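Structure first, then comments.
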Amino acid sequence: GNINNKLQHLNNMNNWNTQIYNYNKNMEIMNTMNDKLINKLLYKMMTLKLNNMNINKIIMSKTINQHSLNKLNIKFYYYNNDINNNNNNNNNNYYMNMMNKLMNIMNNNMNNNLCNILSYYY
Amino acid sequence: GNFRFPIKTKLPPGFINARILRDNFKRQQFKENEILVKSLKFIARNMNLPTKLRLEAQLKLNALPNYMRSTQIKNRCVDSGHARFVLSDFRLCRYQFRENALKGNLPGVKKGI
Amino acid sequence: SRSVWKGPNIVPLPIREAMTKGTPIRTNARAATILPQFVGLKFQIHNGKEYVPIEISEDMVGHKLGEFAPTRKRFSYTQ
Amino acid sequence: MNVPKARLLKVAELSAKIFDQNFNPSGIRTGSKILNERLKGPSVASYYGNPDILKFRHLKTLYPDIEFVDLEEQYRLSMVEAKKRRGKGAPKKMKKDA
RNA sequence: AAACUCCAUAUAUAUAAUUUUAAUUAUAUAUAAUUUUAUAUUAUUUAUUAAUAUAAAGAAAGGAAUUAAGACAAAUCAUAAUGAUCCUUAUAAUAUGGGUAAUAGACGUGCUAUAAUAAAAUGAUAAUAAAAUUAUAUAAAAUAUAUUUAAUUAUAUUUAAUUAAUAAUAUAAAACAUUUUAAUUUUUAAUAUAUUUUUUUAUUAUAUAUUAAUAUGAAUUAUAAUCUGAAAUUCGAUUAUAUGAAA
RNA sequence: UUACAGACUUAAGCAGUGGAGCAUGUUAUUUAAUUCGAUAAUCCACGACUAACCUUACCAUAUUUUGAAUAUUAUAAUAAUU
Ligand SMILES: [K+]
Ligand SMILES: [K+]
Ligand SMILES: [K+]
Ligand SMILES: [Mg+2]
Ligand SMILES: [Mg+2]
Ligand SMILES: [Mg+2]
Ligand SMILES: [Mg+2]
Ligand SMILES: [Mg+2]
Ligand SMILES: [Mg+2]
Ligand SMILES: [Mg+2]
Ligand SMILES: [Mg+2]
Ligand SMILES: [Mg+2]
Ligand SMILES: [Mg+2]
Ligand SMILES: [Mg+2]
Ligand SMILES: [Mg+2]
């Protein structure tokens with residue numbers, strides 16, 4: 001009942017940050033090592049600066065690396081306090097803040113999205 | 001400008017220390033010269049060949065640099081560099097294995113019965 | 001004990017100069033096998049700190065240079 | 001056991017020929033084992049991971065629009081300036097030319 | 001915190017075209033106990049009760065994990081990380097060889113042994129396991145040598161199958177049966193003898209030494225060969241012949 | 001400082017330790033170095049789930065000097081942009 005329903009228990013697969021099984025144990029060790037390194041790299045991409053006195057620090061959780069047979073999904077939770085334009089206006093609808101620029105290079109950027117670089121690493 | 005090893009090598013992507021660099025260099029050069037060492041070992045151990053050719057191969061084998069020796073590769077912890085009690089299933093020392101295991105970093109590792 | 005079928009542990013050494021000039025052969029190759037040619041030649045064998053001078057006889061063939069250059073000092077207690 | 005050895009040797013030789021196997025009736029050490037062992041170089045040389053990983057220094061050219069800050073590097077540079085102000089800086093390194 | 005729990009155990013359902021076979025199994029789910037019931041006795045705070053026994057029902061008998069606080073300013077700066085302080089042609093870096101294996105005494109922890117409620121051989125339609133391992137491999141059978149009919153053990157040659165509920169490491173071992181076993185004249189042998197015959201009895205010979213070390217024990221050492229490795233000298237492992245200490 | 005309770009202990013039982021040889025750790029001493037800890041309970045097959053080289057942290061000799069990092073500023077070789 002509790003463990004037989006997806007809404008009443010946490011799948012044990014979620015207890016691990018790298019969710020993978022490879023018959024080739026060496027490739028599994030490599031994927032595990034790659035997930036720690038990318039997690040460290042992403043932690044270094046969360047601190048952004050617009051001007052000397054405007055440094056926006058995005059707080060990122062550890063990554064959840066879902067390794068399926070055909071793809072790898074890197075899921076993470078992030079918190080950002082928008083302190084530059086926290087108004088009641090719609091001025092944010094006419095420019096991309098630094099956090100939107102950072103999130104748009106993950107998948108949207110057509111030339112240098114981080115997914116394509118990682119797709120060759122993995 | 002002055003690389004410490006005779007041949008230029010790329011750096012490991014993670015934790016780095018002098019001992020890791022020395023071990024990694026030996027690993028790369030072992031791969032480049034593995035076939036050469038096997039071919040010389042064959043000539044030196046093939047009793048069908050004349051003794052002179054066998055002794056020539058043995059002499060060439062003794063003159064190879066130490067960084068081409070398979071027996072000098074030592075498994076080290078990829079996170080700390082410690083070379084004692086390194087588990088080959090994760091390439092981590094016992095202490096780093098325990099820390100990673102409890103953090104959920106090892107794919108299927110949980111606490112025993 | 002190296003297998004006899006493998007042959008001697010031959011190391012690069014300057015034997016020609018020591019046979020045409022008589023100069024001593026300074027070497028750190030303590031594993032080297034004393035070949036029958038070496039007989040009569042003079043060797044200076046490293047022991048970790050110094051080079052021990054030793055001349056090779058016919059009863060030394062087959063042994064290894066390291067066997068004739070002790071690396072430790074005899075033990076003594078402060079009785 | 002009663003089968004003559006000559007007959008059993010003829011079967012061994014022909015069988016080895018069909019199956020592309022090395023027939024060494026005498027038993028001389030040939031080194032064939034060395035020629036058959038697998039190459040472990042690729043596995044050994046990947047122990048520490050793939051070296052071609054994206055690094056923080058490559059981010060300033062991949063994404064010119066975004067300005068990233070390396071807090072670890074920044075912390076180190078601040079500790080260097082602090083030691084210079086206390087007079088505990090590092091001695092100038094001697095030049096080989098000297 | 002206890003517990004709830006998970007594990008084990010018992011049972012049910014599902015899955016397997018029962019040749020990946022162990023269906024006597026595998027692993028998902030669920031159930032079960034913190035056992036229950038009556039009866040007599042003995043105490044009680046005697047009541048809607050405990051301690052016992054007794055009959056009845058049941059497979060039911062065992063474990064786990066984690067922490068609440070505080071102390072030893074107990075261990076670790078040598079798993080990695082931080083401050084301060086020191087080195088910066090050196091206290092950083094690389095190579096060759098050596099050392100970490102030295103040896104008077106002392107201490108901790110182990111192994112083997114000092115023989116008969118106990119050691120050694122042999123046991124092929126192959127007595128009887130579990131849990132693990134094998135792509136930086138596990139290595140079958142066979143053949144050759146040690147080596148003898150063969151087996152056994154060791155190595156070489158060759159490299160079958162299996163990257164695995166499939167094949168391999170790997171015919172578990174003790175057990176049990178038979179034989180043998182110094183000290184031991186408790187033996188062995190030669191004759192004769194028997195209704196104990198794998199044996200009894202008789203008469204001869206079978207040692208002397210001996211509080212002691214044997215056919216116990218396997219340290220030490222000589223020589224030859226082998227295995228891994230590029231390399232076995234300081235300083236590795238194995239085998240054969242010989243050596244055979246202490247106890 | 002009192003009383004009670006609790007274990008702690010003791011007893012019983014089996015096999016050992018303490019004696020011999022060897023393995024191993026430590027001490028001490030030695031050594032060019034015999035790397036360094038840990039070192040009553042709570043060290044002593046402990047760190048160490050394997051020290052011939054490597055490992056390695058020690059010693060001798062020889063050798064390297066912006067070194068494995070980041071950034072700055074020059075110089076070039078190369079590809080794009082313009
Ligand atoms: K050594
Ligand atoms: K016995
Ligand atoms: K040796
Ligand atoms: Mg090794
Ligand atoms: Mg069946
Ligand atoms: Mg030691
Ligand atoms: Mg015995
Ligand atoms: Mg059987
Ligand atoms: Mg076989
Ligand atoms: Mg049997
Ligand atoms: Mg037996
Ligand atoms: Mg005996
Ligand atoms: Mg005695
Ligand atoms: Mg060295
Ligand atoms: Mg060493």
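For the structure tokens, the naming scheme is as follows: chains receive sequential letters (A, B, ...) according to their order of presentation, residues are indexed from 1 within each chain, and ligands are indexed from 1 in presentation order.
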Residues of chain A were defined as contacting chain D if any atom lay at most 10 Å from it, counting only C-alpha atoms; please report them as a count of residues only. 39
Among range 23-72 of chain D, which residues does DSSP mark as helix (DSSP H, G or I) when it is run on the backbone? Keep the chain and numbering as in the structure and answer as number ranges by chain. D: 32-36, 41-44, 56-62, 71-72
Using only C-alpha atoms (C1' of nucleotides) and all ligand atoms, what are the residues with an atom within 9 Å of ligand 13, set out as a list in words?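 What falls inside 9 Å of ligand 13 is residues 212, 213, 246 and 247 of chain E.
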Selection within 12 Å of ligand 7 by only C-alpha atoms (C1' of nucleotides) and all ligand atoms, output as a PDB file with N, CA, C and O atoms (P, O5', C5', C4', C3', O3' and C1' of nucleotides), in the first residue's frame:
ATOM      1  P     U E 112      48.158 -24.239  13.268  1.00  0.00           P
ATOM      2  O5'   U E 112      49.522 -25.040  13.436  1.00  0.00           O
ATOM      3  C5'   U E 112      50.318 -25.357  12.305  1.00  0.00           C
ATOM      4  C4'   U E 112      51.654 -25.930  12.701  1.00  0.00           C
ATOM      5  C3'   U E 112      51.629 -27.058  13.718  1.00  0.00           C
ATOM      6  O3'   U E 112      51.282 -28.315  13.166  1.00  0.00           O
ATOM      7  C1'   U E 112      53.284 -25.500  14.330  1.00  0.00           C
ATOM      8  P     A E 113      50.490 -29.390  14.058  1.00  0.00           P
ATOM      9  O5'   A E 113      51.542 -29.815  15.175  1.00  0.00           O
ATOM     10  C5'   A E 113      52.730 -30.498  14.813  1.00  0.00           C
ATOM     11  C4'   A E 113      53.771 -30.470  15.904  1.00  0.00           C
ATOM     12  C3'   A E 113      53.469 -31.267  17.160  1.00  0.00           C
ATOM     13  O3'   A E 113      53.678 -32.660  16.989  1.00  0.00           O
ATOM     14  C1'   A E 113      54.439 -29.172  17.725  1.00  0.00           C
ATOM     15  P     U E 114      52.933 -33.721  17.939  1.00  0.00           P
ATOM     16  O5'   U E 114      53.803 -33.731  19.272  1.00  0.00           O
ATOM     17  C5'   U E 114      55.156 -34.161  19.258  1.00  0.00           C
ATOM     18  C4'   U E 114      55.837 -33.907  20.581  1.00  0.00           C
ATOM     19  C3'   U E 114      55.125 -34.442  21.813  1.00  0.00           C
ATOM     20  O3'   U E 114      55.384 -35.818  22.033  1.00  0.00           O
ATOM     21  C1'   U E 114      55.828 -32.211  22.199  1.00  0.00           C
ATOM     22  P     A E 115      54.235 -36.790  22.589  1.00  0.00           P
ATOM     23  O5'   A E 115      53.511 -37.323  21.276  1.00  0.00           O
ATOM     24  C5'   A E 115      52.326 -36.710  20.784  1.00  0.00           C
ATOM     25  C4'   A E 115      51.299 -37.740  20.394  1.00  0.00           C
ATOM     26  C3'   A E 115      50.982 -38.769  21.474  1.00  0.00           C
ATOM     27  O3'   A E 115      49.617 -39.168  21.380  1.00  0.00           O
ATOM     28  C1'   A E 115      51.868 -39.867  19.581  1.00  0.00           C
ATOM     29  P     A E 118      42.560 -37.868  20.687  1.00  0.00           P
ATOM     30  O5'   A E 118      43.935 -38.604  20.370  1.00  0.00           O
ATOM     31  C5'   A E 118      45.165 -37.889  20.389  1.00  0.00           C
ATOM     32  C4'   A E 118      45.907 -38.016  19.082  1.00  0.00           C
ATOM     33  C3'   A E 118      45.157 -37.504  17.854  1.00  0.00           C
ATOM     34  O3'   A E 118      46.092 -36.987  16.912  1.00  0.00           O
ATOM     35  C1'   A E 118      45.662 -39.773  17.557  1.00  0.00           C
ATOM     36  P     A E 119      46.230 -35.409  16.675  1.00  0.00           P
ATOM     37  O5'   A E 119      47.125 -35.312  15.363  1.00  0.00           O
ATOM     38  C5'   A E 119      46.845 -36.124  14.233  1.00  0.00           C
ATOM     39  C4'   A E 119      48.037 -36.959  13.840  1.00  0.00           C
ATOM     40  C3'   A E 119      48.035 -37.486  12.416  1.00  0.00           C
ATOM     41  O3'   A E 119      48.454 -36.511  11.479  1.00  0.00           O
ATOM     42  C1'   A E 119      48.626 -39.229  13.899  1.00  0.00           C
ATOM     43  P     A E 120      47.788 -36.446  10.021  1.00  0.00           P
ATOM     44  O5'   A E 120      48.532 -37.600   9.220  1.00  0.00           O
ATOM     45  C5'   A E 120      49.944 -37.727   9.273  1.00  0.00           C
ATOM     46  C4'   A E 120      50.398 -39.021   8.653  1.00  0.00           C
ATOM     47  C3'   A E 120      49.682 -39.420   7.377  1.00  0.00           C
ATOM     48  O3'   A E 120      50.194 -38.745   6.239  1.00  0.00           O
ATOM     49  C1'   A E 120      49.819 -41.286   8.830  1.00  0.00           C
ATOM     50  P     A E 215      63.048 -44.028  13.923  1.00  0.00           P
ATOM     51  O5'   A E 215      62.103 -44.104  12.643  1.00  0.00           O
ATOM     52  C5'   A E 215      61.895 -42.963  11.815  1.00  0.00           C
ATOM     53  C4'   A E 215      60.436 -42.763  11.485  1.00  0.00           C
ATOM     54  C3'   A E 215      59.562 -42.282  12.641  1.00  0.00           C
ATOM     55  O3'   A E 215      58.534 -41.428  12.144  1.00  0.00           O
ATOM     56  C1'   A E 215      58.751 -44.350  11.860  1.00  0.00           C
ATOM     57  P     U E 216      58.650 -39.836  12.310  1.00  0.00           P
ATOM     58  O5'   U E 216      58.014 -39.555  13.743  1.00  0.00           O
ATOM     59  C5'   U E 216      56.670 -39.909  14.026  1.00  0.00           C
ATOM     60  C4'   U E 216      56.077 -39.019  15.086  1.00  0.00           C
ATOM     61  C3'   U E 216      56.072 -37.532  14.774  1.00  0.00           C
ATOM     62  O3'   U E 216      54.990 -37.148  13.945  1.00  0.00           O
ATOM     63  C1'   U E 216      56.889 -37.876  16.964  1.00  0.00           C
ATOM     64  P     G E 217      55.229 -36.145  12.717  1.00  0.00           P
ATOM     65  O5'   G E 217      55.924 -34.881  13.385  1.00  0.00           O
ATOM     66  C5'   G E 217      55.256 -34.112  14.372  1.00  0.00           C
ATOM     67  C4'   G E 217      56.180 -33.091  14.979  1.00  0.00           C
ATOM     68  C3'   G E 217      56.905 -32.197  13.988  1.00  0.00           C
ATOM     69  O3'   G E 217      56.104 -31.109  13.563  1.00  0.00           O
ATOM     70  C1'   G E 217      58.439 -33.021  15.597  1.00  0.00           C
ATOM     71  P     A E 218      55.637 -30.980  12.033  1.00  0.00           P
ATOM     72  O5'   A E 218      56.654 -29.925  11.419  1.00  0.00           O
ATOM     73  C5'   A E 218      57.050 -28.782  12.167  1.00  0.00           C
ATOM     74  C4'   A E 218      58.490 -28.420  11.903  1.00  0.00           C
ATOM     75  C3'   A E 218      58.802 -27.991  10.471  1.00  0.00           C
ATOM     76  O3'   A E 218      59.803 -26.977  10.478  1.00  0.00           O
ATOM     77  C1'   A E 218      60.120 -29.857  11.035  1.00  0.00           C
TER      78        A E 218
END
Contact set, chain B to chain F: 10 Å, only C-alpha atoms (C1' of nucleotides), as an mmCIF file with C-alpha atoms, in the first residue's frame:
data_model
loop_
_atom_site.group_PDB
_atom_site.id
_atom_site.type_symbol
_atom_site.label_atom_id
_atom_site.label_comp_id
_atom_site.auth_asym_id
_atom_site.auth_seq_id
_atom_site.Cartn_x
_atom_site.Cartn_y
_atom_site.Cartn_z
ATOM 1 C CA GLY B 1 57.736 25.323 -19.585
ATOM 2 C CA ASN B 2 59.506 22.577 -17.616
ATOM 3 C CA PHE B 3 57.273 19.523 -17.337
ATOM 4 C CA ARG B 4 58.559 17.173 -14.647
ATOM 5 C CA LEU B 11 46.260 16.120 -16.225
ATOM 6 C CA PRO B 12 43.643 13.991 -14.468
ATOM 7 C CA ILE B 16 45.612 16.145 -8.091
ATOM 8 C CA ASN B 17 48.795 15.668 -6.084
ATOM 9 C CA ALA B 18 52.395 14.814 -6.900
ATOM 10 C CA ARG B 19 51.936 11.085 -6.270
ATOM 11 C CA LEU B 21 50.643 12.779 -11.212
ATOM 12 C CA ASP B 23 51.164 7.311 -11.066
ATOM 13 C CA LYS B 26 53.210 5.773 -15.622
ATOM 14 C CA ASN B 66 60.712 2.776 -15.281
ATOM 15 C CA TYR B 67 57.533 4.522 -16.463
ATOM 16 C CA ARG B 69 56.729 -1.003 -16.234
ATOM 17 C CA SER B 70 53.306 -2.524 -15.586
ATOM 18 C CA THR B 71 54.349 -3.616 -12.084
ATOM 19 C CA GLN B 72 54.941 0.014 -11.048
ATOM 20 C CA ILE B 73 51.287 1.005 -11.500
ATOM 21 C CA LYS B 74 49.684 1.435 -8.074
ATOM 22 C CA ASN B 75 45.963 1.954 -7.515
ATOM 23 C CA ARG B 76 45.377 5.182 -5.582
ATOM 24 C CA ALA B 83 47.461 4.427 -1.789
ATOM 25 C CA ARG B 84 46.499 2.106 1.090
ATOM 26 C CA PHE B 85 43.274 0.114 1.411
ATOM 27 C CA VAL B 86 41.949 1.240 -1.972
ATOM 28 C CA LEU B 87 38.791 -0.589 -3.052
ATOM 29 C CA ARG B 94 38.293 2.894 2.855
#
Do you know which residues are within 7 Å of ligand 3 using only C-alpha atoms (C1' of nucleotides) and all ligand atoms? Can you write them as a list in words?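 Within the 7 Å cut-off, the matching residues are residues 1 of chain C; 232, 233, 235 and 236 of chain E.
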Run DSSP on the backbone and tell me which residues of chain C come out as strand (DSSP E); list them as a list in words.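 Taking chain C and keeping strand (DSSP E) only, one gets residues 25, 26, 27, 42, 43, 44, 45, 46, 51, 52, 53, 54 and 55 of chain C.
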Please measure the separation of CA of residue 93 in chain D and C1' of residue 93 in chain E, giving the value in Å to one decimal.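 Here the two named atoms are 15.1 Å from each other.
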Any residue with an atom at most 6 Å from ligand 5 counts, using only C-alpha atoms (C1' of nucleotides) and all ligand atoms. Which are they? Put them as a PyMOL selection string. chain E and resi 18+21+23
Export C-alpha atoms (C1' of nucleotides) of the chosen residues as a PDB file, in the first residue's frame?
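Dumped everything to part.pdb:
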ATOM      1  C1'   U E  18      10.696 -27.180 -14.755  1.00  0.00           C
ATOM      2  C1'   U E  21      16.639 -26.848 -13.184  1.00  0.00           C
ATOM      3  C1'   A E  23      10.444 -26.341  -8.326  1.00  0.00           C
TER       4        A E  23
END
Select, as a PyMOL selection string, those residues of chain C with any atom no more than 10 Å from chain F (distances computed using only C-alpha atoms (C1' of nucleotides)). chain C and resi 46-50+72-79
Just N, CA and C atoms for this one: save the residues we selected as a PDB file, in the first residue's frame.
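Full text of out_26.pdb as output:
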ATOM      1  N   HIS C  46      77.914  -0.226  -6.447  1.00  0.00           N
ATOM      2  CA  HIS C  46      77.205   0.595  -5.478  1.00  0.00           C
ATOM      3  C   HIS C  46      76.591  -0.273  -4.388  1.00  0.00           C
ATOM      4  N   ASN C  47      76.625   0.228  -3.155  1.00  0.00           N
ATOM      5  CA  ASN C  47      75.969  -0.421  -2.026  1.00  0.00           C
ATOM      6  C   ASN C  47      74.909   0.470  -1.397  1.00  0.00           C
ATOM      7  N   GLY C  48      74.496   1.529  -2.092  1.00  0.00           N
ATOM      8  CA  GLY C  48      73.560   2.504  -1.597  1.00  0.00           C
ATOM      9  C   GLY C  48      74.208   3.807  -1.178  1.00  0.00           C
ATOM     10  N   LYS C  49      75.440   3.749  -0.678  1.00  0.00           N
ATOM     11  CA  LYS C  49      76.190   4.934  -0.282  1.00  0.00           C
ATOM     12  C   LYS C  49      77.503   5.064  -1.036  1.00  0.00           C
ATOM     13  N   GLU C  50      78.306   4.006  -1.067  1.00  0.00           N
ATOM     14  CA  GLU C  50      79.622   4.009  -1.689  1.00  0.00           C
ATOM     15  C   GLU C  50      79.683   2.953  -2.785  1.00  0.00           C
ATOM     16  N   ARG C  72      74.456  -2.997   4.658  1.00  0.00           N
ATOM     17  CA  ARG C  72      74.238  -2.658   6.056  1.00  0.00           C
ATOM     18  C   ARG C  72      75.519  -2.858   6.856  1.00  0.00           C
ATOM     19  N   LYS C  73      75.623  -2.121   7.958  1.00  0.00           N
ATOM     20  CA  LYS C  73      76.744  -2.242   8.878  1.00  0.00           C
ATOM     21  C   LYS C  73      76.432  -3.278   9.948  1.00  0.00           C
ATOM     22  N   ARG C  74      77.461  -4.009  10.369  1.00  0.00           N
ATOM     23  CA  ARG C  74      77.285  -5.041  11.382  1.00  0.00           C
ATOM     24  C   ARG C  74      76.671  -4.453  12.645  1.00  0.00           C
ATOM     25  N   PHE C  75      75.745  -5.200  13.240  1.00  0.00           N
ATOM     26  CA  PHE C  75      75.028  -4.723  14.414  1.00  0.00           C
ATOM     27  C   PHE C  75      75.913  -4.780  15.656  1.00  0.00           C
ATOM     28  N   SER C  76      75.725  -3.800  16.538  1.00  0.00           N
ATOM     29  CA  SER C  76      76.421  -3.739  17.815  1.00  0.00           C
ATOM     30  C   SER C  76      75.502  -3.113  18.850  1.00  0.00           C
ATOM     31  N   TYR C  77      75.546  -3.631  20.073  1.00  0.00           N
ATOM     32  CA  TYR C  77      74.791  -3.061  21.178  1.00  0.00           C
ATOM     33  C   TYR C  77      75.716  -2.316  22.131  1.00  0.00           C
ATOM     34  N   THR C  78      75.172  -1.273  22.760  1.00  0.00           N
ATOM     35  CA  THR C  78      75.909  -0.464  23.730  1.00  0.00           C
ATOM     36  C   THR C  78      75.953  -1.196  25.073  1.00  0.00           C
ATOM     37  N   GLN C  79      76.676  -2.311  25.074  1.00  0.00           N
ATOM     38  CA  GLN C  79      76.811  -3.136  26.268  1.00  0.00           C
ATOM     39  C   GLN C  79      77.546  -2.376  27.366  1.00  0.00           C
TER      40      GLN C  79
END
Let me see if you get this right: every residue at most 12 Å from ligand 6, counting only C-alpha atoms (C1' of nucleotides) and all ligand atoms, written as a PyMOL selection string. (chain E and resi 99-101) or (chain F and resi 24-26+34-37+45-48+51)
Distance limit 10 Å, reference ligand 10, atoms considered: only C-alpha atoms (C1' of nucleotides) and all ligand atoms. Which residues make the cut? Give them as JSON, numbers by chain. {"E": [123, 124, 126, 127, 128, 171, 172, 173]}
Could you write out the selected residues, including N, CA, C and O atoms (P, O5', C5', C4', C3', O3' and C1' of nucleotides), as a PDB file, in the first residue's frame?
ATOM      1  P     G E 123      42.739 -43.293  -3.165  1.00  0.00           P
ATOM      2  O5'   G E 123      41.242 -43.736  -2.858  1.00  0.00           O
ATOM      3  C5'   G E 123      40.733 -44.955  -3.371  1.00  0.00           C
ATOM      4  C4'   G E 123      39.536 -45.437  -2.590  1.00  0.00           C
ATOM      5  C3'   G E 123      38.339 -44.502  -2.543  1.00  0.00           C
ATOM      6  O3'   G E 123      37.541 -44.573  -3.712  1.00  0.00           O
ATOM      7  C1'   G E 123      38.771 -45.359  -0.378  1.00  0.00           C
ATOM      8  P     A E 124      37.809 -43.585  -4.948  1.00  0.00           P
ATOM      9  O5'   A E 124      36.367 -43.382  -5.593  1.00  0.00           O
ATOM     10  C5'   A E 124      35.513 -44.495  -5.830  1.00  0.00           C
ATOM     11  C4'   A E 124      34.912 -44.456  -7.214  1.00  0.00           C
ATOM     12  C3'   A E 124      35.195 -45.684  -8.076  1.00  0.00           C
ATOM     13  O3'   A E 124      34.098 -45.903  -8.961  1.00  0.00           O
ATOM     14  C1'   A E 124      36.080 -43.782  -9.132  1.00  0.00           C
ATOM     15  P     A E 126      28.683 -42.755  -7.574  1.00  0.00           P
ATOM     16  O5'   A E 126      30.169 -42.346  -7.177  1.00  0.00           O
ATOM     17  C5'   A E 126      30.689 -42.640  -5.885  1.00  0.00           C
ATOM     18  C4'   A E 126      31.860 -41.755  -5.540  1.00  0.00           C
ATOM     19  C3'   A E 126      31.523 -40.278  -5.359  1.00  0.00           C
ATOM     20  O3'   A E 126      32.370 -39.708  -4.363  1.00  0.00           O
ATOM     21  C1'   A E 126      33.072 -40.516  -7.124  1.00  0.00           C
ATOM     22  P     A E 127      31.750 -38.788  -3.202  1.00  0.00           P
ATOM     23  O5'   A E 127      31.185 -39.828  -2.138  1.00  0.00           O
ATOM     24  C5'   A E 127      29.959 -40.511  -2.354  1.00  0.00           C
ATOM     25  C4'   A E 127      29.035 -40.369  -1.171  1.00  0.00           C
ATOM     26  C3'   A E 127      28.468 -38.977  -0.941  1.00  0.00           C
ATOM     27  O3'   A E 127      27.325 -38.713  -1.735  1.00  0.00           O
ATOM     28  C1'   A E 127      29.329 -39.823   1.091  1.00  0.00           C
ATOM     29  P     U E 128      27.089 -37.251  -2.354  1.00  0.00           P
ATOM     30  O5'   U E 128      26.884 -36.322  -1.078  1.00  0.00           O
ATOM     31  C5'   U E 128      25.823 -36.562  -0.167  1.00  0.00           C
ATOM     32  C4'   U E 128      25.948 -35.705   1.067  1.00  0.00           C
ATOM     33  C3'   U E 128      26.168 -34.221   0.831  1.00  0.00           C
ATOM     34  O3'   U E 128      24.976 -33.526   0.516  1.00  0.00           O
ATOM     35  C1'   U E 128      27.678 -34.987   2.474  1.00  0.00           C
ATOM     36  P     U E 171      36.537 -30.718  -9.357  1.00  0.00           P
ATOM     37  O5'   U E 171      35.659 -31.721  -8.491  1.00  0.00           O
ATOM     38  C5'   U E 171      34.241 -31.607  -8.447  1.00  0.00           C
ATOM     39  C4'   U E 171      33.635 -32.656  -7.549  1.00  0.00           C
ATOM     40  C3'   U E 171      34.016 -32.537  -6.078  1.00  0.00           C
ATOM     41  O3'   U E 171      32.953 -33.026  -5.261  1.00  0.00           O
ATOM     42  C1'   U E 171      34.836 -34.579  -6.936  1.00  0.00           C
ATOM     43  P     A E 172      32.099 -32.016  -4.352  1.00  0.00           P
ATOM     44  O5'   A E 172      33.188 -31.304  -3.435  1.00  0.00           O
ATOM     45  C5'   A E 172      33.834 -32.012  -2.388  1.00  0.00           C
ATOM     46  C4'   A E 172      34.745 -31.115  -1.592  1.00  0.00           C
ATOM     47  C3'   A E 172      35.415 -31.762  -0.391  1.00  0.00           C
ATOM     48  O3'   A E 172      36.592 -32.466  -0.750  1.00  0.00           O
ATOM     49  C1'   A E 172      34.488 -29.665   0.232  1.00  0.00           C
ATOM     50  P     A E 173      36.892 -33.920  -0.142  1.00  0.00           P
ATOM     51  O5'   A E 173      37.322 -33.622   1.359  1.00  0.00           O
ATOM     52  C5'   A E 173      38.509 -32.898   1.644  1.00  0.00           C
ATOM     53  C4'   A E 173      38.517 -32.383   3.059  1.00  0.00           C
ATOM     54  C3'   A E 173      38.223 -33.404   4.143  1.00  0.00           C
ATOM     55  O3'   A E 173      39.337 -34.213   4.469  1.00  0.00           O
ATOM     56  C1'   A E 173      36.954 -31.460   4.541  1.00  0.00           C
TER      57        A E 173
END
Quick one: residues within 12 Å of residue 38 in chain C, only C-alpha atoms (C1' of nucleotides), excluding same-chain residues fewer than 3 positions away - as a list in words? residues 10, 13, 14, 15, 16, 18, 19, 22, 24, 25, 32, 33, 34, 35, 41, 42, 43, 54, 55, 56, 57, 58, 59, 60, 61, 62, 63, 64 and 65 of chain C
Excluding same-chain residues fewer than 4 positions from range 141-147 of chain E, what lies within 9 Å of it counting only C-alpha atoms (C1' of nucleotides), as a PyMOL selection string? (chain D and resi 25-27) or (chain E and resi 154-158+160+240)
Kindly assemble as a Markdown table a list of the chain E residues that lie within 10 Å of chain C, each paired with its nearest atom pair and their distance in Å to one decimal, using only C-alpha atoms (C1' of nucleotides), sorted first by chain and then by ascending residue number.
| residue | atom | partner | partner_atom | distance |
| --- | --- | --- | --- | --- |
| E:96 | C1' | C:28 | CA | 7.0 |
| E:97 | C1' | C:48 | CA | 5.2 |
| E:98 | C1' | C:48 | CA | 3.8 |
| E:99 | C1' | C:48 | CA | 8.7 |
| E:102 | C1' | C:75 | CA | 6.5 |
| E:103 | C1' | C:75 | CA | 6.1 |
| E:104 | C1' | C:77 | CA | 5.7 |
| E:105 | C1' | C:77 | CA | 9.8 |
| E:225 | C1' | C:3 | CA | 7.9 |
| E:226 | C1' | C:3 | CA | 6.7 |
| E:227 | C1' | C:3 | CA | 8.7 |
| E:230 | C1' | C:9 | CA | 9.8 |
| E:231 | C1' | C:31 | CA | 7.0 |
| E:232 | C1' | C:1 | CA | 6.2 |
| E:233 | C1' | C:66 | CA | 4.2 |
| E:234 | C1' | C:71 | CA | 6.5 |
| E:236 | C1' | C:1 | CA | 9.8 |
For a quick test of understanding: name the residues of chain B lying within 6 Å of chain D when counting only C-alpha atoms, and present them as a VMD selection string. chain B and resid 12 to 13 27 to 28 31 42 45 to 47
Starting from chain D, keep only residues with some atom at most 10 Å from an atom of chain F, counting only C-alpha atoms (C1' of nucleotides), and report them as a PyMOL selection string. chain D and resi 56-57+70+73-74+76-77+93-96
